[PDB]
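Accompanying notes for the structure given below.
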Amino acid sequence: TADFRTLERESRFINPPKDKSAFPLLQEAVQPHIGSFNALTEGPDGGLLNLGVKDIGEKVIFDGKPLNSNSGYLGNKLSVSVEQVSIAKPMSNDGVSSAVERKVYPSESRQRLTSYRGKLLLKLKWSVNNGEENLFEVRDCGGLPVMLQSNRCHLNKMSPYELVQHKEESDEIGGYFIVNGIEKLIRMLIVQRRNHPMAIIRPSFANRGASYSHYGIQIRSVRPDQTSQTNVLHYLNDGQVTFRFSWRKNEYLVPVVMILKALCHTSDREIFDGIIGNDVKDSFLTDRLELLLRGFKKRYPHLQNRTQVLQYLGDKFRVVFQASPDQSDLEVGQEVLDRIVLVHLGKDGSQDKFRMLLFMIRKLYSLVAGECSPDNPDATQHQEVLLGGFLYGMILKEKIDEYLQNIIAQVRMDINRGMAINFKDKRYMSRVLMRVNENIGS
Amino acid sequence: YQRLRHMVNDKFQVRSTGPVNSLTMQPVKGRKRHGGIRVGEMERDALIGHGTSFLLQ
Amino acid sequence: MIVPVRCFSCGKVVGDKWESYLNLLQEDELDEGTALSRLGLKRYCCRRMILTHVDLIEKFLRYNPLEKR
Amino acid sequence: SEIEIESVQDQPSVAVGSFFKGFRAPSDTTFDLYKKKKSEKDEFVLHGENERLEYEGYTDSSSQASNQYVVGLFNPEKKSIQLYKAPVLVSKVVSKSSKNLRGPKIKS
Amino acid sequence: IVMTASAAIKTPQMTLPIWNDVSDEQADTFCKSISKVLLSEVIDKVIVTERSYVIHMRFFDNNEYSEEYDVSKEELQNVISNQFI
Amino acid sequence: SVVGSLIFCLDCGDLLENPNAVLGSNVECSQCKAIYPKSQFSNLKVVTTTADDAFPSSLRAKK
Amino acid sequence: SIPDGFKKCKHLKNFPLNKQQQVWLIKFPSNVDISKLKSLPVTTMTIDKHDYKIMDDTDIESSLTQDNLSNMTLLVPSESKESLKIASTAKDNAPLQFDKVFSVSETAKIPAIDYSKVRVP
Amino acid sequence: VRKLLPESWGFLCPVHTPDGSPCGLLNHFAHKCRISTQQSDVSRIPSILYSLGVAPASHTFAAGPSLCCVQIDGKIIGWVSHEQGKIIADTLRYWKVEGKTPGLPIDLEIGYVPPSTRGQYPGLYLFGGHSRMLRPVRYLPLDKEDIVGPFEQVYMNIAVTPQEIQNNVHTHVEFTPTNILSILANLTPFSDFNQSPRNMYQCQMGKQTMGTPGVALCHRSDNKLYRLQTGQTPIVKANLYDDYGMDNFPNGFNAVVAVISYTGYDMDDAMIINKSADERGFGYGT
Amino acid sequence: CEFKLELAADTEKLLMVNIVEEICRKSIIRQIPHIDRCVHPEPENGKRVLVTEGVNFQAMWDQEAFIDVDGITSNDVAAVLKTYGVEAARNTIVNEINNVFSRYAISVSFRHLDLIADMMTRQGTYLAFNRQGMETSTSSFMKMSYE
Amino acid sequence: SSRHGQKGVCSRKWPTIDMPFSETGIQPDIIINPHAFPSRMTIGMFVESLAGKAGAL
Amino acid sequence: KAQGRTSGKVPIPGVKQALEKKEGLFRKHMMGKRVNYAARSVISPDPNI
Amino acid sequence: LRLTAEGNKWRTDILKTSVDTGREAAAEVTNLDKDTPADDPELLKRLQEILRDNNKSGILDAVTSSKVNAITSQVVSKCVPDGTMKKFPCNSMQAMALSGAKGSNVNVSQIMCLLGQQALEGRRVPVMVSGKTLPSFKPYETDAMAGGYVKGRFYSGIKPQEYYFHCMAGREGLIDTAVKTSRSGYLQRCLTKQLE
RNA sequence: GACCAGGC
DNA sequence: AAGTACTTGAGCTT
DNA sequence: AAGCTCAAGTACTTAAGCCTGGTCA
Ligand SMILES: [Zn+2]
Ligand SMILES: [Zn+2]
């Protein structure tokens, strides 16, 4: 039977703790949010910000300077790319003049009825001729809201005795955002288990085509940058198993035997070794697999080499991804296999992807034959939680993309008007960026 | 014991005879702006059901 | 927030017995049982007022706009 | 029960290749083995050549961190065995005929 | 009923009274049969052997399902003999 | 060479077409260009027995 | 196309081939000095006072019931000791198949629950 | 999707959800359920897996549900037999707990799924990634705190109390059986005597109370702020009412209450208040 | 039972045992049309009855050496209208809506369930109360506010 | 409301003298009708009563 | 019946959506009406009257 | 609400006869000898394959519900009213049950006697894929407690597994009370519109 | 008017 | 998603 | 050849009554 603790209480009220808070469990229940938002800038490798903005790579556009050689020469080349992303703690100068700035505490931002924001900064790398000459420069994308009690807020590490001095709640746990005076926070969502290949049965797999059955294999994959990609395998009644992905609010369909040979140079005797293995006795297998192989031949009479497959991919897929006119389709075919198929294994993951995608297929036929039961998608067994900060870090990575895209668009419009264009002029750049609309924060 | 919200001071009101809706010249929706209460589809069958109509009209 | 001046049900004035209850708890290191019963609180009515009370005002006073830090 | 160990070879002698089941190569075929000293682990690469086929093979970087492989010669008219260290190489057979076949960069 | 007008309800039924003299064992006699009967009911397993292919069908013991589903070797041959193929 | 109606060249790995659709007495891969005689075999019987999933019954609804 | 750091294995040591003799494949943990052992069973064994388990993984590398279903092919030094040939015994050049494949792997133990200390009224 | 599934024992609170249209959709984690925001070190997992007898995946072709599968985070490390994978998933479990093997933190899940008849496709899984659910237990062979995930839970035997543990059956036990509830399902006194929909309604009402919103009230600009003038620490108390420190925020007031039919205004859901309690300050608010 | 088939020497590998599994389960040996199955219910309330799923009257009419043809009642509204006419349907509807409220122990005076039933059959056929039956009414403003 | 999930409305402020006064002189604060319990099945309130009195004494 | 404008933004509801949906115009402002001379409040038991 | 010092003894006597119940329902469905022990393997296989179907488990649950519901009316009719400590009229709770003023016999017997079987869609506790009804039970448990049958009572308390079962039966109620009203809520608008 | 709340 | 009523096409009969 | 019931397949609509507020483009 517990007690009231009348003395120890008034001891706490009168003199608040000067070392660490007295209620450890109250500060450990909010850990989901602070952990996520701290995970952005911290971590040995630079967090989600510095790794994510690296994923975008380069954006390419061409000037068309003839050089006076019909000429396949497209002119001096422009490579726009970001490098790192940094976030500065909340700071406010007094008006103009850039006098030595002072900190802004939350209790000032609740009363003033504006947001509590730390600054955002980009290091934008501007290159020509693929690394002969380049320009390092820094810019300003505006103010970025910042979680309280985290590494980018000043209240981090203060002891409860100094949470009072700055006019806060003694135990205050923060863990939310101040938007225009309101306290807004992100709430947790339940998505599918990352990096696991669920076996599915849904009626909606049936209506997508004539011969589609309701069996299927679904994998949701996620990169070191926490961005996600969805990959599905549908089983047609006539034995064809199709690969499916979703891009820019579109859906596409590709035969799987294409991608298997696309990943690593291979010949079908090894595929049959991979799927069936030592099970050659069973008749339900060799039949389905032979109707699977035969289908790729005589559908596309000429593909004798991995490269001839890659280029065939590049022809159809050159348009959507908006690749630069210089890249040979051979390359773009390699852009796909990095940017879509089974992305969580990296850009060197060809050899491992070739195993994973086989293992799925085996587990799909084992689902058709009834040897294994379909995973229950409603249950908590297959589910995880998607934290607030890990949502807040995907979006910024998407907006930097739309930013670079917007610059590239501005230069292209600068071309077709016909104005003089010189890419070795830094002052030309400082002329360019202002015309573009740069505020990410707002 | 715990006291809750939903004090009656928040919930009650009377008439519509303040301002009226502009389109249909009807009682405006209300409380904060002092509008009326809504007769309704099923409430319309309680009128007819008794046979009472002068009270319906 | 602060000590109530009258016990609700009984009506006796329990408002002056909080300080001395703290003193009795502190100096002589008694328990809650004998401390309440020494002040002359008999009914289980008037005992719950002092026994369970919370001074939250001590936390309010810490925030004073009218003095320097 | 009990088996005595006559000899144990520490040096490159034989090698082991997994190609596929029922694998064989023409009579002449001959395989060149190669070796690198990375840390205190030994990596191996295999390259074979005949008139119309190539053969290549590598040691699995991941398994060789925790698996050591050894070929044994057994004398059952004795309680004896002769162990030789051997790498296991993951290997393929490539047809010289179709290796370099290739379509155009794009069928535009 | 009310809302639909539906000509095909989910689970229709009929209701059959019977004479008094008909016994309770004759109850199990008359209507057990005269039900929808698929050939898939009497088939224990199928073997397919492959250019041509062969079909084997190993049924149950005739005496067994002769008493239950009330079908005899004669009709069973005729139905397979025509509409199946 | 032969597994369950699948027959593959010993050099390259491509899938051999119908042995009967090849006119010459030697099947030749489209890659390695290796040669096989036509008939070492009749087409294999493909032993096939399938699951108990489908059908209802009297006995399996008992046993 | 030799990669960086590899040198061709010049002088290949000798491999004496041939109730007749048998050829085995054996996996040991990489941390085990094989050069100093003595025993070997035909269950359990200890090497350097630490204990391991020997498993007959022959049915994984090959088929027990049917011939020519072997994953692995043995390569022995050729008549120059500067290259390798597929090891055969059949006077038919039919590749040698391993007679047995053994996996020497580590084993673990668990401690019993003390129900006196743990199952309390 | 609105049913209460038994696979959620110990993570999602059974009792506490708001009813109405949201009922069943919103959930709250059991107050000991933690969510991991860090990427654990997977570097040295493969070598240990190899020294436990896992054959390399890069070679030695094999496949089929007939034999075990061992994976990490979406890479296939190796294939081993089922009763091998049980010796592994048991051993690796223990080396995780005792802590004498480096590069193998306790947060890692070990998910071994035994092959069965027409159940889930078997395998052995290792998940070190972000945003996974974890709850503590007490590992029986030793006595220590351990971490169990939602995926490795369904196949392992977790006893509720040390009195109920069967010999040769249970490999784990809860710290305390209250670890399965949420914060506000603990703050109900004797929640096991009441009927369950009543516990749920309580969980909802307790969030509508007129409480102490904060001590900062003079510096805070919020639009509408309810506060109660006088609180009291309740007499009937849960021990978790001390740890989270609700006493900095007293939610209500004790009362001397009699169960009787006397007045005649108090029937069904109505109640009566002594008139000299109010005028003396009982229930006041701002 | 054993027999053989043959096809073209040049053919595909097309799946067979699936075809067999498909044709075996449509293999209608003997089907008295629309009948499904029989169950002998309990001798309830002194009445002795048989019940079969599916509705076929013209088939049940030949069994009268066994089951009586005058007391055959149905759970369908329409099929009784195809045979016995609007009157046996109007009488059926009441006995269907009754048996829903009889199992809940509730009670609804038949003066209501008669007015509904007579309000459906006013056209000689069986009309719903939804959009499709209200189509034939005279007044617009009733229909115009419905859907 | 209580912590056991009894939501209720103050009906009338009842004079102090008309409350039934205990043997000891304590008028109750809040009267609650028994007939509410056997439908709602709350025994935690009956038990919290005793645990409250024995605690206050 | 109107072709898309910027594929989104919602259409500006037309005169046929004035009287052709959910509440529309025939069942909002006719089959029921907000009314003068009406009140609303909480109820409390009185055994006396 | 209290039983006598005698009546509780009866209660514990007639409940102890339900310790072995579930297995006897496991034998009659699986077609074995009535004495087949609980952990026997070939028993476990039949208990295993029977699960993957919805219909078969729907049969087994209706088989056990008969027995675990029989035990209930064996206990209650023997215990209350003659096991009560205060006899009606002196006892108020029964005066509320008997007089029909509020509540009914079931609500009193749940306080004074036992909860009885839990029912979700007419069946027993929804079974996880691994054959465990809840993480604390051995896989494929023949026992009666593994179907949600609760021997506890709101007066003396209910064990953790019991409470976690009763939460389900509590939620199903609220859900269905949400789905009912709208359904008949729409139907009635069709009738009154045409019969207006 | 669109999204979260909340009451029977 | 559940369900109805409406509508277009190629086989089949005079 | 041409007619007309045949069949599957392609569009189209509704889905309980209230009251409170809350921020926002
Ligand atoms: Zn008092
Ligand atoms: Zn070939």
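Think of each number as a place in line: the chain as shown, counted from 1.
The deposited model was determined using electron microscopy, 3.8 Å.
Keep in mind that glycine also has a Cβ here, set from the backbone N, Cα and C atoms.
As recorded in Swiss-Prot, the features of this protein are as follows:
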type	residues	note
BINDING	F:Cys9, F:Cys12, F:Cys29, F:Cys32	Zn(2+) 1 binding site
ZN_FING	F:9-32	zinc finger
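Within the same chain, residues at least six positions away from F:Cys32 (Zn(2+) 1 binding site) with a Cβ under 8 Å of its Cβ are F:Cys9, F:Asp11, F:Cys12, F:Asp14. Take the CB of F:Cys29 (Zn(2+) 1 binding site) and look out to 10 A: across all protein chains shown you find 23 other CB atoms. In the three-state DSSP scheme, F:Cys32 (Zn(2+) 1 binding site) is classed as coil. When the C-beta distance to chain A is held to under 8 angstroms, the binding-site residues F:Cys12, F:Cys29, F:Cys32 reduce to F:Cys12, listed in sequence order. F:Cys9 (Zn(2+) 1 binding site) falls within neither a helix nor a strand when secondary structure is assigned with DSSP, and so counts as coil.
Of all Cβ atoms in the protein chains displayed, 25 besides its own lie within 10 Å of the Cβ of F:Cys12 (Zn(2+) 1 binding site).
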